[PDB]
Structures are given as structure tokens and as C-alpha cells.
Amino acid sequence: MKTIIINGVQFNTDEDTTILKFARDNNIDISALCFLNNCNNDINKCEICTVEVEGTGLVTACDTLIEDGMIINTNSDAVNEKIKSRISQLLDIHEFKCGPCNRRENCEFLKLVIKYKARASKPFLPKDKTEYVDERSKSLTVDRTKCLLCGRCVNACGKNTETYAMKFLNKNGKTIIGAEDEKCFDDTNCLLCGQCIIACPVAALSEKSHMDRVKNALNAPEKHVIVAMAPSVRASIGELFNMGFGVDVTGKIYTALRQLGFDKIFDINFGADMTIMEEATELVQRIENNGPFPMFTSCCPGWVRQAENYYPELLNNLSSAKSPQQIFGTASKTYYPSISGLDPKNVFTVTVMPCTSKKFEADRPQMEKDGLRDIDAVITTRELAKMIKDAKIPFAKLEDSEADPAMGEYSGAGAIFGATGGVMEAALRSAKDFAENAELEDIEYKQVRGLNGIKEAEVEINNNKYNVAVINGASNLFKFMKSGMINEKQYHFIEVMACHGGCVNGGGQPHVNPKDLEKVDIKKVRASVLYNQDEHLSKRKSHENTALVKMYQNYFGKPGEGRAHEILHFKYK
């Protein structure tokens, strides 16, 4: 038993924990900055978590263990001046202009500046930001006028992907962060997954903006601008409107998009059901053809880049079905004109994604046909939130509306795509019906759900056993391959998501304050919205989507052949 005194209050505990963790468990106020994902910035600790231990002096609470007999003061004059001096030194390298800043509303640094009334010794006012900004990437951007050199992005890249694509660099004899050799991120092994963005406490790292494309398209009188949102968006964007976590705001989004002036309100979950139609058909074909095995999902751009950069020998095993975004986009320029009369060249297709890598995918040169892009613009959940706020739309008080059904209806199988294992479960629901020529009532595959890094299961399809795996995070793909687990069984179907937890934890998602991250399981609570929708939807199999079956019946024909094969597929070499 340890007896500790903190600000003159005695505590008795048996835990082996840091001062910071004990304080947070006991409603004691200690600030922190560089401590994230259980690590601080080892090569320059920010020391914002400074506390006083009588008899020892100032220590960093984030990595100092509590000991019996400790007497801790967290708010003494010496502690305060220490922290305020460190924030002051950060202001000296920080362009403090929150007005036009894209983190103005939820910035960790602004909060600390206000809390400690910190003041620069010399305001940082660069006149040429071109040497500080890197906008070369199709997915990520760097603004080093905001960078605190807290190392959170470098540590989060290593933890989440194990690529170490985000590095410390020496530019002109001083320290920056960036890609290898300061190249454009796209030209390195970087996955463009944006987990570095999610870890950034300020506006230093951001998504590559597509707001110019959307604004210009909405302003062009001849353009018919369609919009369709990813599964994860309806489970997360409410966080940026003070609505809390785990709120289903699907109907509010549809209304907001209409008020923004979009001409048609569809949904990427419709494209998810399309992807299942092609991919589940493909899986049954590989079963009939005895291979090739395994088939990998191909809907995650971060995983595709991981395969391209690290495992190119696996590219031919990726499912040929386009991702829900790109398969939706292809149909928006072909099927949708056939039921509307629109000139296909005048259709402008915008998606809202919880993902930065989707911008790279939509901009791939071959993701077009007859000169028409599958997808013309991709905006993140964060981008849509700012678009709604800039238009002064009272999102939290909007009435519910519905999507336009022709490419907007979706089944419960498409609805769960945004969670790790969702693509697997959705695919199996259709694959089993396809292969057994039956309509099975049992459709729930809970063995592939949850936040385990690697999830494996044996499934029975048409009186034979098959091995499936769900890889939850790019770092677990490396583990799955390097450990030899890939060879320990004959796998037949493998889902890979680059982001831990699936797209609900994507790099385009709302930032979450580090304290909130310790109090709520963001990955689980966001995903629970999607599984809740699947539970209450009248159609829970992709091939039972009534608007989808009308589209295949009246336009595309049979999945995996004929017209669907020419147009809805994509292979990587």
C-alpha cells in the first residue's frame, strides 16, 4: 500500500502507475501535450506535464511513477512558470493566428496558451509560408508554421502502420518532420492513411483540400453535383457539432447536404452493396476454380498502397471489384445518366469520406472511363463539417430527411463496412447465399467483429470449410505476414483495413482530445452506430438492396460478368 499526498490531500492506493494517470483517475488537473499513445517525445519532452515532487524537484508527470511517501504539488508557482515558459517557447516558433485556422475550434495548443496565459518572447510572423508548407501530396499537407515538434505524428505512424513513413528530418541544420528524404509523401512507402493527422494536436498536419473542386462545381450552372457519404460519416460528424459520441446523425446529414445545394443525395453504402455483389460473386468463382487463394479485399486505399509498396506479389490476389467509392463513381457516370437524362460529362460526383487515402484513390489516372472520372472530388468528414458551419447551417437542430433512393438505398451489410470485419461479414452473407443457391436466415458473423488486431475464423460454404482472416490495422498486416501466420493455414478470403478499428478511425475523422480518448472507446462507440443500423434495417444482405437489384436488372446485368466485368472492376499490376 502506497500513501501519497497531492496538493495537501492524502490518497491510499496499490497501483503501479504514473503521476499523470493517477491524477486523471482521481479528478486532479495535470496538463499534457506530447504524451500520446503511451509515449512522450523522448528526444525533447515538452514538459507541459511538469509537477513538483518535494525532495526531488520538477518532474514530468507523464512518465514518473508514483512512490510511497510522495508529496506532489501540481499547481505551485515554480511549476506554473515552468509550464508557461515551455508554452512561451512554443509560441516563438508558432504562427499564432487562429482566425482562419482549420483547428480553431478544437486545438490542444490554443487551450494550453489560454490556460497558462502564455506569451511569446517574440511573435512568430513569417512572411513567406512557401518554405513551410508542403501541399504536393494528393492526400496530406504540412504547415510547419504550426508544428510544435511534439513527435506525436512520428510515434503514431510507427504504432499504427510500422512503416515509419513519418520521420524526423534535418532541413538546413534544424529539425522538421516529413516524409523520407523530404520527398512528397505519395512518392514514399507512406500509406496516406492520415493517422499522423489524427495524432497532431494543432493544424500542422491536414488533409489535402478538395473544397475548391466542390465550391467550383456547385457554382457551375451546367454541373449536376451529386454527393454521397461513407458509412463512418453518419457515426462521427456529430462530434464536431457538440453532440457527443455515438450519435446517429444520418438524417441530419441528408438535410444539410440539400441545404448546401447538392443536386442529388446518394450514399456510398449503396456502392458498398455493389462491391459485395461483385466481390462475393468473385469469391464463389474462385471456390469453383480452386483458386487463386487467398483473395484479399481491395476497398481500402491504405492497404492497396501497403500491398503496392511492400507486397507487390499479392496484387494479383486482390479482389477485382472496385472499392465502394470508385464503383459508385463509375455507376454515377453510366447508370445514373441512363435513368435521369443527364449528360454524363455534366455529372460531378463528390464523396464524403472518413479517409485521406481516398483522395489518392479517386485521383488515380486509370480511375476513369471515356474521359470521365469515377470520382471528381473527395472531402473528409472534417471538410464537410467546416462546409456546414461556414454556411451557418444549424446542424444539431436539423430535421431528418432521406436520401434519393436510386443510388441511395443500402442494406445492413453495406451499413457495417465502416467497422473492422464489416466487409468480411457483408461478403459472407452474400457469398453463402450465392454458393448454396439458398436464402439463409442466419447472417450474423460476430466472430469477425471487434478490435482484436487479427481475427480468424473457419466458415462453412456449400458443405466445405474455408479459412478467413480480418486484419485490423496496417501494423497487423505486417505482423500477419512476417510472423508466418499467412502460411500457417490455407486462407481463402482476407479483409485488410489500414486503420485500426476500420474506417470509423480513419485519417479524415474528427480529432479527439487525448483526455476524451481515455474515457471513451472511439473505435467501438463509432462502430456501434453502424451495427445498430444493420440490426434495424429491413434488408441485411447486399443482394437484397431493392434499388441495387433494379440497377443490375435494368442496366448492368449479372455481377462479375458482361458489363459489370468491363466497367466495375480494377486490377493492380
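Note that residue numbering follows the sequence shown and begins at 1. In this text, rigid core is short for the largest set of C-alphas that superpose within 1.5 Å between two forms.
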- RMS over structures and residues, CA atoms, rigid core fit in 7 other deposited structures of this protein: 213 to 221 vs 68 to 76, larger is 68 to 76
- Query: Of the two stretches 75 to 83 and 335 to 343, which shows the higher Cα B-factor on average in the entry?
  - Reply: 75 to 83
- Determine, for stretches 309 to 317 and 225 to 233, which one has the higher mean CA B-factor as deposited. 309 to 317
- Item | Most elevated Cα B-factor in the entry, residues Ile461, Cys355, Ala403, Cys299 | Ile461
- Note on the structure: Highest CA B factor of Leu384, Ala396, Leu260, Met497, as deposited, is found at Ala396
- Task: Report the third (lowest, middle or highest) to which the CA temperature factor of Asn37 belongs, ranking only the modelled residues of the same chain.
- Result: middle
- Item | Third of the chain, ranked by Cα B-factor, where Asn513 sits | highest
- Task: Taking the values exactly as deposited, rank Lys479 by C-alpha B-factor within its chain and report the matching third: lowest, middle or highest.
- Result: lowest
- CA B-factor placement of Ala217, once the chain's modelled residues are sorted into thirds: middle
- Relative to the other modelled residues in the chain, which third contains the C-alpha temperature factor of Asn44: lowest, middle or highest? highest
